[PDB]
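> build me a model:
(3 chains)
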Amino acid sequence: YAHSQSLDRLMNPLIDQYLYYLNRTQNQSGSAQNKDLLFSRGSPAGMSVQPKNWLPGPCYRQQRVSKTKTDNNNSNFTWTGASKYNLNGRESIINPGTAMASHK
Amino acid sequence: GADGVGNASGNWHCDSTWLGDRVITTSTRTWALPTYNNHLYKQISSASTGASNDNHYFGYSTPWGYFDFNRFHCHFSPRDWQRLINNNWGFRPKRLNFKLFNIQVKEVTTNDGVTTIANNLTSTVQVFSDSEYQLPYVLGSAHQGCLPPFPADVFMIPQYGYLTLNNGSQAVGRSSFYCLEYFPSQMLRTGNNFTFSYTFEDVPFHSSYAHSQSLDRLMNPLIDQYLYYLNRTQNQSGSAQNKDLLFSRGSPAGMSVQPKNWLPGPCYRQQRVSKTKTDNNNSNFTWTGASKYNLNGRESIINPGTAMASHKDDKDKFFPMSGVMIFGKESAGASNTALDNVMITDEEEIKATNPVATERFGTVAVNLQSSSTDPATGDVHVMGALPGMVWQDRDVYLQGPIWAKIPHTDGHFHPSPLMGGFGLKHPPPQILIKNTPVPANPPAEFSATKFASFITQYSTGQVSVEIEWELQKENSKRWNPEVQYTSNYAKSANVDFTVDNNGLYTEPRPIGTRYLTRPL
Amino acid sequence: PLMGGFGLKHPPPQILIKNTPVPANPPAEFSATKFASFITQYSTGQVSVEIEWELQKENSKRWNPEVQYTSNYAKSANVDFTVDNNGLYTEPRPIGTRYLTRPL
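Numbering: from 1, shown residues only, chains lettered A, B, ... in the order given. For reference, the structure is listed below:
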């Protein structure tokens, strides 16, 4: 199956949270810049900032590659700049690696 | 159950009863249900809004309201919460009992400012529970609209809406649209009532204790180890400096160097922030320099993050910028509001096993030392799971949430919801409610076009929730008294957790659970 | 009790009553702020109390008549403990209990 929801978009788009976070650390009074600590409560407007319960899957990053040759850096980096592991002196490329989305 | 119009379909059960290893909480509140979205499902998104790649969203809003009691103060009174906290090493939910009754459907006509409400007796309200978990679950997001902590407080029912898959402001093929009328639901007139029960799965006890030892200080202060370590790599013979390899056995003198059996909890570092504005770097770094995660192109701030101690030592003036629980304050506002109008939670008792959130986890060797190259040392700011690690989870608070639905995934790890509480594969289901549409007079000739003329109406009833909590009693051989949550004996203008002259219930501070002490 | 009567460790308990709050029509959009709009209403009913009193009868060997509470036989504008032309109930004087006589 495929999820019809995404981990970051799990809340109720219609309701605020009863939770707060530190929104501004510098207030705008026309005073150019002036310290301060300002908090706001979670809003549908600012989903990226609302407290949440879970984290996305583990990660071991991999080098990007384009299907159209043009986009790609010149040179032979298949081994040179590929993610790999070091077992008793010898390296082996992490091939299918940790399960990660292929392209955004 | 069901009996005429002039017959109450349920009583006011609001109580708590203590039974050795159990406690039963029972709450009743009066509620009010508006007719949402004028009976309509609406497509909603971030399109033609302020945008921001990290804030885009696609979803729908339903004509349906929903019940929410996922908050400890929905069940425990302050006094109770005190009892719970001061005497119990742990606790958890077992059984749940939900009753809905005394339904009253009012119709309101409003003619020239003169707005009058009457009883529509034959009108019906629909309710049903998502027992099969086929609706997007919103309860585990710390939203508003729970049962009021104060029993005498009437409340408004939250509107139900949900988010599906979005490619910024746009939906995809695999995006899901759910119609709540495509569920069987029970219809109620004024004399009817709805009831329902649930049993919690086996979740571990919330740890309402604090350790009276710390992971590093677990040995016998009086005795040497039979283990050795490399103490000096350069001897002092007055020869300035001269290689050498010197080993010593673990001693009480040098505890920081003794071999040990365990590691502190995982770590994902957060930026420090002072409560007194002065100490803070100038500039607006709340987003700019906040720890966050990157999910399909969009970033989201790791809010309550991995469970870490809030501030080291005495420095109670600091706190992780987005790594603690911040509560409203009744008089607090939307988005302005200063530190004086909020309450920040101090996760202090967990210092004994967990890394401090603002500081680093530790330090790692980063190169292969030798005669010709100096030994190097890197700082480690992010630390994943390690065989031998142990830790506590974030505490829970009287104004805090109780449980959250473990997402249905091919895999998860120590699924304690990150805001604190109980992680349930099958949580108390969502109870959906809704006023049934009552059409106004239609045309005297048939018309296929959608119906738009509705008699406007709302509803009121009582709701009762009863929960059975299993306690884990304390078995301490500690000789000295323990720390307890207490009220300040001294005189005062106001009494903690009461109403003021204007009759507004107010909660002084957040209260955690970890007062009693178990050894490690 | 110093004002006179029966001192009870567990007296007839307090009977608390109250009209149940009936909200007026709420906003067409959700609001977390405390609810303030109530349909104003009151209530009427009858109440009945029934009490069983144990008497301790008199066992007197006194020869001469006793003092009794009596109403004045003589003519009068008003009858003790009644209503007036305006329909107002009125209690002429206080009446204690101690009329019959027991020896010490």
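
> give me the nearest residue to residue A:81, chain neighbours excluded.
residue A:63 (5.6 Å; C-beta to C-beta, 6 or more residues apart in numbering or on different chains). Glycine gets a C-beta too; all of them are placed from N, C-alpha and C.

> hmm, that neighbour is touching residue A:77, no?
Yes. Between residue A:63 and residue A:77 there is a contact under C-beta atoms under 8 Å: 7.1 Å.

> near residue A:35, how many other residues are there?
16 (other C-beta atoms under 10 Å in any protein chain shown).

> if you could redo that for residue A:33, that was the one I meant.
12.

> again with residue A:23
18.

> stretch A:69-77: end-to-end distance?
14 Å (C-alpha to C-alpha, to the nearest Å).

> let me know the secondary structure of the residue most central in space within chain A.
Nearest to the mean C-alpha position of chain A, by C-alpha atoms, centre = their mean, lies residue A:56 at 8.5 Å. Following DSSP: H, G, I helix; E, B strand; the rest coil, residue A:56 is assigned to coil.

> following the helix or strand that contains residue A:85, which helix or strand shows up next?
Applying DSSP states H and E as the criterion places residue A:85 in strand A:84-87. As assigned by DSSP H and E, the chain's next helix or strand after strand A:84-87 is strand A:90-93.

> ok, that next one near chain B or not?
No. Shown here: strand A:90-93 not in contact with chain B (C-beta under 8 Å from any C-beta of the partner chain), separated by at least 15.8 Å.

> burial measure for residue A:81, as a count.
11.

> nearest residue to residue A:26 in space, ignoring adjacent ones along the chain?
residue B:284 (4.5 Å).

> that older thread, give me the element the residue nearest to residue A:81 is part of.
Counting by DSSP H and E, no helix or strand carries residue A:63.

> got it, and the one 4 residues further on?
For residue A:67, there is no host helix or strand (DSSP H and E).

> by contact count, what packs against the helix or strand encompassing residue A:39?
Assigned by DSSP H and E, residue A:39 belongs to strand A:38-41. Other helices and strands packing on strand A:38-41, by 3 or more C-beta pairs under 8 Å, 6 or more residues apart in numbering or on different chains; DSSP states H and E, are strand A:19-24.

> partner strands of the strand it packs on, parallel or antiparallel?
In the sheet, strand A:19-24 lines up against strand A:38-41 (antiparallel), strand B:326-327 (antiparallel) (DSSP bridges).

> just the C-alphas of the longest one, formatted as CSV.
When you say that, I think you mean strand A:38-41. What follows is strand A:38-41, C-alpha atoms only, in CSV (Å, rounded to 0.1, in the frame of the first residue of the first chain):
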residue,chain,number,x,y,z
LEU,A,38,7.9,36.0,21.4
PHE,A,39,5.8,32.8,21.4
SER,A,40,2.8,31.8,19.3
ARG,A,41,0.6,28.7,19.3
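
> what sits up against it?
Strand A:38-41 has contacts (C-beta atoms under 8 Å, 6 or more residues apart in numbering or on different chains) with A:16-25, A:27, A:46, B:326, B:328, B:332, B:334-339, B:341-342.

> that strand: how far from the chain's middle?
23 Å (C-alpha atoms, centre = their mean, to the nearest Å).

> does the residue nearest to the centre of chain A touch residue A:10 like I think?
No. Look at residue A:56 against residue A:10 with C-beta under 8 Å: they stay out of range, at 12.0 Å.

> around residue A:37, count how many other residues there are.
So residue A:37, with other C-beta under 10 Å, has 22 neighbours.

> show me the contacts for it.
A:22, A:24, A:25, B:273, B:275, B:277, B:280, B:338, B:339.

> how far away is it from chain C?
According to C-beta to the nearest C-beta, to the nearest Å, residue A:37 stands 23 Å off from chain C.

> and the contacts of the strand holding residue A:85?
A:91, A:92, A:93, A:94.

> and those, which two are furthest apart?
Largest separation among the contacts of strand A:84-87 by C-beta to C-beta: A:91 and A:94, giving 9.8 Å.

> find the closest residue to chain C in chain A.
Evaluated by C-beta to the nearest C-beta, chain A has residue A:15 as its residue closest to chain C, separated by 6.2 Å.

> ok, that residue - contacts?
A:44, B:143, B:144, B:145, B:158, B:159, B:161, C:30.

> could you do residue A:44 as well?
A:11, A:13, A:14, A:15, A:16, B:57.

> just the endpoints, please. Distance across stretch A:79-92?
Termini of stretch A:79-92 sit 10 Å apart (C-alpha to C-alpha).

> neighbours of the residue nearest to residue A:81, how many?
Residue A:63 has 11 nearby residues by other C-beta under 10 Å.

> wait, residue A:16 touches residue C:33, no?
No. Look at residue A:16 against residue C:33 with C-beta under 8 Å: they stay out of range, at 11.2 Å.

> how long is stretch A:11-30 end to end?
Start-to-end, stretch A:11-30 (C-alpha to C-alpha) is 35 Å.

> cool, and stretch A:90-104?
For stretch A:90-104, the end-to-end distance is 33 Å (C-alpha to C-alpha).

> only the buried residues of it, if you could.
By neighbour count with 16 or more other C-beta atoms under 10 Å in any protein chain shown, stretch A:90-104 contains no buried residues.

> go ahead and measure how far that stretch is from the middle of the chain.
Here stretch A:90-104 is found 17 Å from its chain centre; the criterion is C-alpha atoms, centre = their mean.

> same check on stretch A:10-18?
21 Å.

> one more: stretch A:83-102?
21 Å.

> and stretch A:25-39, by the same measure?
Counting by C-alpha atoms, centre = their mean, stretch A:25-39 comes out at 28 Å from the chain centroid.

> what residues of that stretch count as buried?
Buried, per 16+ other C-beta under 10 Å, within stretch A:25-39: A:25, A:26, A:27, A:35, A:36, A:37, A:38, A:39.

> the fifth one contacts residue A:27, correct?
Yes. Checked against C-beta under 8 Å, the pair residue A:36 and residue A:27 is within contact range at 4.0 Å.

> bridged to residue A:21, which residues?
Note on residue A:21: beta-bridge partners by DSSP bridges are residue A:40.

> hmm, it is touching residue A:51, no?
Yes. Contact criterion C-beta under 8 Å: residue A:21 and residue A:51 qualify, at 6.8 Å.

> which residues do the two both contact?
In contact with both residue A:21 and residue A:51: A:42, B:303, using C-beta under 8 Å, 6+ apart.
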